[PDB]
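Participant: Below: one structure in structure tokens.
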Amino acid sequence: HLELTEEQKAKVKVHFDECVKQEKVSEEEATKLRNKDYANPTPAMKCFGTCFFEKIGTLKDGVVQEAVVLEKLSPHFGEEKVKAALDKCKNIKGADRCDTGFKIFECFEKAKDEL
Ligand SMILES: CCCCCCCCCCCCCCCC(=O)O
Ligand SMILES: CCCCCCCCCCCCCCCC(=O)O
């Protein structure tokens, strides 16, 4: 799995804070998110995740930004493996913006598991 650099860790925190504010995440929800308590997310947690993927440049208007995903994931996971996950996940649509982002994320997590 990803071993984030110190630069990436700092960016994660910046975008975390941006998305807690933008998606009106409660204090309790924010603490779940910070602790990676992602099971059965609430609606605002799904919006947080969608926001996060937007802010890191990987998702826009429900569309996966493939070059950015590859830039970020290929070095660790393998280019062909990431292209295969893109092929399988990038067209997923959910019930609304936030559910779409959540479902795409879940698909990528499944792809990671299948490694
Ligand atoms: C074929 C490979 C697919 C891999 C999919 C990996 C998805 C990575 C999602 C990571 C989100 C960012 C986590 C930040 C962790 C932290 O520093 O607190
Ligand atoms: C909508 C889901 C997309 C999932 C695949 C996206 C893979 C990128 C995961 C990168 C997580 C780490 C982010 C580091 C901080 C940063 O890039 O700003």
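In the deposited numbering, the protein residues as written are 1 to 115.
In this text, a Cβ means the ideal position worked out from N, Cα and C, and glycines have one as well.
If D99 sits next to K46, beta carbons under 8 Å apart, how far is it from one beta carbon to the other, in whole angstroms?
Facilitator: As a position in the sequence shown, residue 99 is number 99, starting the count at 1. As a position in the sequence shown, residue 46 is number 46, starting the count at 1. Confirmed, Cβ separation roughly 6 Å.
Participant: What residue range is occupied by the uninterrupted alpha helix (DSSP H) comprising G49?
Facilitator: Position 49 of the sequence shown holds residue 49. Start and end: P43 to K55.
Participant: Residue range of the alpha helix (DSSP H) that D96 falls in?
Facilitator: Within the sequence shown, the letter at position 96 stands for residue 96. Looking at the DSSP string, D96 is not in any alpha helix (DSSP H), and its letter there is neither H nor E.
Participant: Among residues of its own chain, excluding the 5 on either side of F77, which ones have a beta-carbon nearer than 6 Å to its beta-carbon?
Facilitator: Residue mapping note: residue 77 aligns to position 77 of the sequence shown, counting from 1. So no residue of the chain qualifies.
Participant: My output table needs one value for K24: the three-state DSSP class, helix, strand or coil.
Facilitator: Along the sequence shown, read from residue 1 onward, the residue named residue 24 stands at position 24. Note: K24 maps to coil in three-state DSSP.
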